[PDB]
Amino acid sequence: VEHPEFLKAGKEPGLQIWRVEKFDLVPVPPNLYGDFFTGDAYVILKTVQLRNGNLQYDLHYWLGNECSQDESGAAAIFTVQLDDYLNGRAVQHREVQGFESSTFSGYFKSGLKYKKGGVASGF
């Protein structure tokens, strides 16, 4: 509830992407949105503005084929914690490299792309 990135989460309609880095949630430079390191795990919050004026939330955690167990575990856990912080109103989606839902693919106009490498494991 006190994590700076939680405080920024879901305030406005849009797309927020964090990468797991050494057991923390670190915002992805917006210039890199759509390109995912296959060695890493990410958390993605899509916020949509409804006619109600309320906000709908969809949380995706994306797991790269070579990401390490601390990164995919942390991605799952952070997804739960962000949902809790959002009063439980996010729908959670597990996204595996190369088998992503069409909803998640649809967030990126240039399509999903993958890059070799990644940030080092916390383990």
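The first residue of the sequence shown is number 1, and the count goes up from there.
* Looking at the other compared entries that model residues on both sides of it, is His93 unmodelled in at least a third of them? -> Looking at the other entries that model residues on either side of it, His93 is present in every one.
* Gap at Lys46 across at least one third of the other PDB entries -> Across the other compared entries, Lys46 is absent from none.
* Which of the two stretches, 26-34 or 47-55, shows the higher mean Cα temperature factor in the record? -> Higher mean C-alpha B-factor in the PDB entry: 47-55.
* Asked: According to the deposited model, is the average Cα temperature factor higher in 86-94 or in 38-46?
  -> 86-94 has the higher mean C-alpha B-factor.
* Check where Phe108 lands among this chain's C-alpha B-factors and tell me if it's the lowest, middle or highest third. => Tercile = highest for this residue's CA B-factor.
* Sorting the chain's CA B-factors, does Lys115 end up in the lowest, middle or highest third? -> Middle third.
* Which third of the chain does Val20 land in by C-alpha B-factor: lowest, middle or highest? -> Lowest third, going by the recorded CA B-factors of the chain.
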